[PDB]
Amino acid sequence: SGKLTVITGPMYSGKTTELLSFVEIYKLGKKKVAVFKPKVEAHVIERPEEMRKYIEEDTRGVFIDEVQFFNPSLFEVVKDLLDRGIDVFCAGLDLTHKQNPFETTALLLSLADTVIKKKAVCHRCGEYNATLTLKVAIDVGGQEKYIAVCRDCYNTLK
């Protein structure tokens, strides 16, 4: 059966490039892959249900970025992929800027065979110990809106 690896951590944690590390292993192994993102080729989809459109009978790897943005229906969708022998690799955020769990990421962490926690550089103190995202301006965006911080700095800042 397939194995599920979940990569997670705050923003600016190298999660996408880490997921791409796995994509490269499969392509190098001459294995068929399917890559997804929410709204080589990454298929932009909106619902998890839509992945079965793009999965082939010889698809071996399925890679999903930004999993926080998907419906929790992804849990059961991933489970079925695993039961078919398809390896799944997911990246996304574990917590919101309010330190509430992203529900979909949480379900996947529970399902995972392996979990990789990535850290970022703390925006405030400059150490390689950042595990949280602080919001400074669901809301898409980047360094103009979110910074990565350690727990100590978060608490000093909010």
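Numbers for residues come from their place in the sequence shown, where the first is 1.
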Query raised in the report: In at least a third of the other entries we lined up, does residue 18 end up with no coordinates?
Result: no
Query - residue 40 coordinate gap across at least a third of other entries - result: yes
Query raised in the report: Which class describes the count of deposited residues lacking coordinates between residue 137 and residue 138: none, 1 to 3, 4 to 9, or 10 or more?
Result: 4 to 9
Report task. Please figure out whether residue 39 and residue 40 are truly consecutive in the deposited sequence or have unmodelled residues between them, and give none, 1 to 3, 4 to 9, or 10 or more. Result -> 10 or more
Report task. For the higher mean C-alpha B factor in the entry, choose 105-113 or 27-35. Result -> 27-35
Requested in this report: With reference to the PDB entry, specify whether the mean Cα temperature factor is higher for 16-24 or for 142-150.
Outcome: 142-150
Query - Which of 90, 132, 93, 45 ranks first by CA B-factor in the deposited coordinates - result: 45
Requested in this report: Place residue 97 in the lowest, middle or highest third of its chain's C-alpha B-factors, as listed in the PDB entry.
Outcome: middle
Query raised in the report: For residue 64, does the deposited CA B-factor place it in the lowest, middle or highest third of the chain?
Result: lowest
